[PDB]
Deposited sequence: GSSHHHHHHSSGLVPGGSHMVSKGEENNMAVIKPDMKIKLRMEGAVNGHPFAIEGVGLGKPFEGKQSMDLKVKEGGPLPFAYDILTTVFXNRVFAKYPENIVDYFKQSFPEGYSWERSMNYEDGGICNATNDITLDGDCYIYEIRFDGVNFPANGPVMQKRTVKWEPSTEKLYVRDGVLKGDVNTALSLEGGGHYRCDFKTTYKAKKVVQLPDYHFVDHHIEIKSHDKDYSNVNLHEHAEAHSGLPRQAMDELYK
């Protein structure tokens, strides 16, 4: 069952350029509205020496507003839940691999997240912390070999005006057999609404809505 008001609990363990860190979060969202927010706390490896923005899209497509005409792969997967894997290939060769194992306990989603980024150059916008925010995005979702894929090419706006491109490849895997959707889209907008100076505390929001594009 998925209620109008759900909660979120997560732990991320990870590393960037070989340097370990760990983050925990608690939050709330409205799955039928495609909106969520959460408060994140760095527990290990702080102060983080890399742009926090590379982490935020790893911190659940159940928080997406799906219209009746499009099959909802994610709300179907519960109570058993689903997992996802993702590669995030930035244009300067930095690459982040991430996984999230999502379970449900009562009215609370539980995330077990792993995050590993390598080859971020010392003078690039990530290690120099010169990212501003992710732009809004439109993810493309499609079935391949019985599971759901999501591809998007998006970008971070940089301090000073420019953009830093990143290519997302996600595989979504329900833990139980669910009915699969047709090719469709998910519009996203993720935003850090508040943070302290070294990002030990972050309030993170996301809004997402599925659609089928131009008719």
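Annotation: deposited residues 1-30, 90, 247-255 are not represented by C-alpha coordinates in the model.
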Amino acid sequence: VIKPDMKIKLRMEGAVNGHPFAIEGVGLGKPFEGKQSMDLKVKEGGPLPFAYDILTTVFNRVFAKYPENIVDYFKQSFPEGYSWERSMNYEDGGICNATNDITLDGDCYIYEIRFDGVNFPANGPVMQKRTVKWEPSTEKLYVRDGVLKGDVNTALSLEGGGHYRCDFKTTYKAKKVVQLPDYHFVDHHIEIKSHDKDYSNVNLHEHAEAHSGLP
From here on, numbers count along this sequence of modelled residues.
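Look at the C-alpha B-factors of 47-55 and of 174-182. On average they run higher in 174-182. Averaged over their C-alpha atoms, the temperature factors of 118-126 and 104-112 are higher for 104-112.
Split the chain's modelled residues into thirds by C-alpha temperature factor. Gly93 is in the middle one. In this PDB entry, the Cα temperature factor of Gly29 sits in the top third of its chain's modelled residues, the highest group. Compared with the other modelled residues of the chain, the Cα B-factor recorded for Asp187 ranks in the lowest third. For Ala208, the recorded CA temperature factor ranks within the middle third of the chain's modelled residues. Ranked by Cα temperature factor within the chain, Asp151 sits in the lowest third according to the deposited record.
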